[PDB]
Amino acid sequence: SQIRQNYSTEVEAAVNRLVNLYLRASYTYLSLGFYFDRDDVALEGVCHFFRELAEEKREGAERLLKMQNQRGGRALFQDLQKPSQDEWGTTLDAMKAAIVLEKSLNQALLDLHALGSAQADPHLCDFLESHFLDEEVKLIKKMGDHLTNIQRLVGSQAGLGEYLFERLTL
Amino acid sequence: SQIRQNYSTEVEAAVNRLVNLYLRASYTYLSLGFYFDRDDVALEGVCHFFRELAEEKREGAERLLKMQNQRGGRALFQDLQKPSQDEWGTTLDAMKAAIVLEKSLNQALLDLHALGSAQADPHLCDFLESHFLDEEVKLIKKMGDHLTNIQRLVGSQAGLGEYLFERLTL
Amino acid sequence: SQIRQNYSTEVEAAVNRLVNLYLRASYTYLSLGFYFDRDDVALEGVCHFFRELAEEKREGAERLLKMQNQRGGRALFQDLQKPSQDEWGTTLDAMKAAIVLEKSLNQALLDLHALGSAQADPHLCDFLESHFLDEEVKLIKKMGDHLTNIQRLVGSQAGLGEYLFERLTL
Amino acid sequence: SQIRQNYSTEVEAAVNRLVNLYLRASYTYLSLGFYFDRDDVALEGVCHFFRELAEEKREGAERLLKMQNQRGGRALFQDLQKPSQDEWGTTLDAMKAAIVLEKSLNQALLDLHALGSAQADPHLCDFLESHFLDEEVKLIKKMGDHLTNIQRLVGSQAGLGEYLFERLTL
Amino acid sequence: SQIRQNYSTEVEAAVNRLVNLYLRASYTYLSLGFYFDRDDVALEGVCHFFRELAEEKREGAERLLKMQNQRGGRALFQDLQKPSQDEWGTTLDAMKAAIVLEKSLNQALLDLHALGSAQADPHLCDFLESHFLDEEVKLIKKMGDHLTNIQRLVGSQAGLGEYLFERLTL
């Protein structure tokens, strides 16, 4: 590219892989959202929590793609793997799966940051620090807060706690 | 009628029967609403849910009657059977009876649509698709969502769950 | 009932019978309204006059039911008899049937008031005097005014008078 | 056409024929409107009723033509036959001719709907149900209401009734 | 009195006794309100419910006194007995005591109405029907609704139900 400067093939490829990870996460959240909209699940606040995350992950992918083009790299898309489950269990099961998913995205961001640092690519490092690393830390903290509250609500009567958390937190 | 065109005696009669079904459903909901207003039942959100449905069903009957006259058919009214119960039990019992009632109305709409299609009456088919079929599907989905939430709230202590659902959902 | 005080079984039963009378009157007015909406009758102001009365009678039934529950009585619903006619003739015939209907409702209110007085139930007597007795007298006077005007318009050419009354009074 | 999909030559031709019918109806209404504007006829409300219908029919033709192009069919225009009369008689004669005209348009819509159904063309069927079938039913009902009122006004003194209907309904 | 007309000594005395009953009820509610404000009771919505009733009962006494003077009777005040308890137990115990209190006031109103009727004092009868009888019926119905909800919340864990009712109803 006429514009490409200080942008390694290693980072370009890692950015494409990260786009796939974010789009896969968006797909997972789409599935989680619609599962909580089933008439036999019926937890509206949980559906809305995950549908909003599906949008956030798609937006992250789009920001990565815009950056790929700003740097002169070339977007390459791969198949998007279906989500790991068809049914997602309780809100507790879903929130545990979500935190696993976000930790995996955060680890991929940290890996890319390390690659950027190894490649002496400070534009990349700034980009991740600005738009991604803090968002992930904030989201993971929120999910951990939710997991703690969901868990405190189980002990006695799980259906009651599940309803209350959806009504009063989400 | 000077205006009647492509409107079978079969559809005319079925529309009169459907008006009776909607008015009967309105009556059932009136009874459900006032039962939840009893001082020894006292669930205001449940009363309001059913009173609003009584109004919706009456409005459906009125829309059918307006259509009967637009097509040149003749409204014929029959006695309105009293509702199937005098006392309606818990919110769970009432919501189960309501879903049974709406499924019966939906089946009567589907039957009328099939008759319209057999009679090559596309105005009828459009009328039902526009003002009735989607409303029924949406309402049945809402009731199923409510039934799932009511059921999740029972397990432990039924009075507590009944209060919470009325306070926090309805 | 934990709340019931000075409320006789006789009044409770009479209130249920009165609810049936008001709902039947509402049904009669629904039928009158839709008859005047027929393309071969086509008197819009007459349809609107009766449709508004159908709503007023339903509201009266609902006020009686609310009162039944306020006093600790128990609503009991019976079948609703179909209206006395399928076709209602001229505006004059319909207005005569309406005044007969309202006089019958007024007589049932007066009977209930007499029962309340015999049962020393001043809350009932106030309730009827406040929300029902004056409304009936006002409505009967209006219908008598209409009957006089309709009758003055017949003599010559009945179709002309029927049109003029609908256009210029209703 | 590069865009044409599931659009039969039979429907394309029937749509062109229907455009001709709507434009002919518009022409008929133009003639009716100007007849009622003659100084020796002089019924302004009747002129305005028909002039508004001339505009509605032209708009229907234009909507059909837009649809023809959306589907990749080709508009073909034919001569427009002059209206069936040069003078239109009384308002009663004109309203009878109008209802005959609208019933013929409605029958052509129903025929086209049947053809669409035979051709498995649901876009066509939706298009007619949405923009045409209900409009025709509503208009025919209005004309039948008018015919009933005009007829009730004749009996006695026809000029008087004709004036009153124009003044007080139209 | 120069103004006194048709106002019996029996009614005058009964009105003074009724003022004492209303002021005593106001005192009882003052005590109930402050008990629920104790740091070891601490149910704010219950305190506010009873403090508002203390004000309503005082206002009722003041309306009776204004009426006594309008009729030319003479207000006579007696000692006000302290409330029947110093501590009021749970919200359920308090609401049961409140309904007992209101039923006693309602019975005193009904007795006074009967005396008015025996004395042929229609001004008195109107006064009670207008400002007192309906208010009592409405209040008793509300308290019965509350008692039903409190009772449904006990079964399982009484502290939890007591908190929830205060938070979500009052």
Side-chain angles (χ1 to χ4, degrees), chain B residues 2-6 122-123, chain D residues 7-71 73-116 118-119 121 124 127-128 131-144 146-147 150 170:
Chain B
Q2 60 185 341
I3 68 174
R4 196 174 177 143
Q5 183 172 31
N6 199 39
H123 181 274
Chain D
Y7 193 62
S8 64
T9 59
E10 293 85 354
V11 166
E12 176 184 13
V15 168
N16 284 329
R17 285 190 301 267
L18 192 58
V19 166
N20 188 264
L21 280 51
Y22 270 73
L23 291 173
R24 202 208 168 176
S26 186
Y27 203 14
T28 294
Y29 290 129
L30 177 67
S31 174
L32 275 158
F34 279 97
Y35 168 80
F36 286 98
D37 181 57
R38 288 170 49 162
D39 76 274
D40 60 355
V41 179
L43 292 163
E44 186 167 7
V46 184
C47 171
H48 181 67
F49 178 75
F50 291 126
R51 292 198 71 186
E52 287 307 309
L53 288 175
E55 177 177 323
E56 294 314 292
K57 298 305 168 191
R58 182 191 37 87
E59 289 170 353
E62 291 161 354
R63 185 165 266 98
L64 288 158
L65 287 163
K66 180 178 178 183
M67 184 271 290
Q68 182 79 285
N69 275 345
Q70 287 175 144
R71 295 295 304 275
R74 294 292 176 248
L76 284 177
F77 294 101
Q78 303 299 336
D79 309 316
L80 285 200
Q81 263 209 308
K82 78 176 185 180
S84 69
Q85 301 175 216
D86 296 323
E87 299 166 29
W88 296 97
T90 60
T91 302
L92 178 53
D93 292 323
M95 197 68 64
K96 285 175 176 169
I99 209 167
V100 169
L101 177 54
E102 297 295 333
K103 291 171 124 204
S104 78
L105 294 179
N106 197 38
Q107 191 60 56
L109 294 168
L110 292 172
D111 293 345
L112 180 54
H113 194 285
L115 176 65
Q119 297 289 333
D121 194 339
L124 180 75
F127 172 87
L128 296 177
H131 318 305
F132 289 85
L133 298 185
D134 196 36
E135 289 203 325
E136 279 305 308
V137 161
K138 282 178 200 144
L139 179 59
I140 296 166
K141 173 60 163 65
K142 181 176 288 323
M143 290 179 169
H146 290 339
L147 280 176
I150 292 163
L170 301 172

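Proteins come first, then strands; the chains are lettered A, B, ... in the order of their sequence lines, and each starts at number 1. All values below come from the heavy atoms of this structure, side chains included, with hydrogens, waters and symmetry mates left out.
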Open item on the list: Checking D:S31 now: which residues fulfil side chain to side chain donor-acceptor pair (under 3.5 Å) with it, not counting sequence neighbours?
Closed with: D:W88

Task: Other residues, nucleotides, ligands: >12 heavy atoms within 6.0 Å of D:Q85 CD - done: yes

Open item on the list: Within the structure provided, determine whether D:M143 and D:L53 are in side-chain contact (heavy-atom separation under 4.5 Å).
Closed with: yes

Open item on the list: Return the CD1 to CE distance between D:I150 and D:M95, rounded to the nearest 0.5 Å.
Closed with: 4.5 Å

Task: Reported CG-to-CD distance for the pair D:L112 and D:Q107, which is rounded to 0.5 angstrom - done: 11.5 Å

TODO: State, with a plain yes or no, whether a side-chain heavy atom of D:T28 is found less than 4.5 Å away from one of D:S84.
DONE: no

TODO: Decide yes or no for B:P122 and D:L128: does some side-chain heavy atom of the first lie under 4.5 Å from some side-chain heavy atom of the second?
DONE: no

Open item on the list: Quick test of your reading: applying side chain to side chain donor-acceptor pair (under 3.5 Å), list the pairs with at least one residue in residues 46-61 of chain D, sequence neighbours left out, ordered by first then second residue.
Closed with: D:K57-D:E102, D:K57-D:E136, D:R58-D:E62

TODO: Take atom NZ of D:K103 as the centre, draw a 6.0 Å sphere, and report whether it contains more than 12 heavy atoms from other residues, nucleotides or ligands.
DONE: yes

Open item on the list: Between B:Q2 and D:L147, is there a side-chain heavy-atom distance shorter than 4.5 Å?
Closed with: yes

TODO: Indicate yes or no: at least one non-hydrogen side-chain atom of D:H146 is less than 4.5 angstrom from one of D:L170.
DONE: yes

Open item on the list: For a 4.5 angstrom cut-off between non-hydrogen side-chain atoms, does D:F132 reach D:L64?
Closed with: yes

Open item on the list: Which residue in the set D:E12, D:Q68, D:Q70 passes side-chain hydrogen bond (donor to acceptor under 3.5 Å, both in side chains) when paired with D:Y7?
Closed with: D:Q68

Open item on the list: Measuring from atom OH of D:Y35 to atom CG of D:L43, what distance do you get when rounded to the nearest 0.5 angstrom?
Closed with: 8.5 Å

Task: Under 3.5 Å side-chain donor-acceptor pair for D:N20 and D:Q78 - done: no

Open item on the list: A side-chain contact here means heavy atoms from C-beta on lying under 4.5 Å apart; do D:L124 and D:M67 qualify?
Closed with: yes

Open item on the list: Rounded at 0.5 Å granularity, tell me how far CG in D:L115 sits from CG in D:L110.
Closed with: 12.5 Å

- [ ] Mind checking the NE2-CG spacing from B:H123 to D:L109? Nearest 0.5 Å is all I need.
- [x] 11.0 Å

- [ ] Please tell me if the side chains of D:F50 and D:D37 come closer than 4.5 Å, counting only heavy atoms from C-beta onward.
- [x] no

Task: Approximate separation, where rounding is to 0.5 Å, of D:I140 CD1 and D:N106 CG - done: 4.5 Å

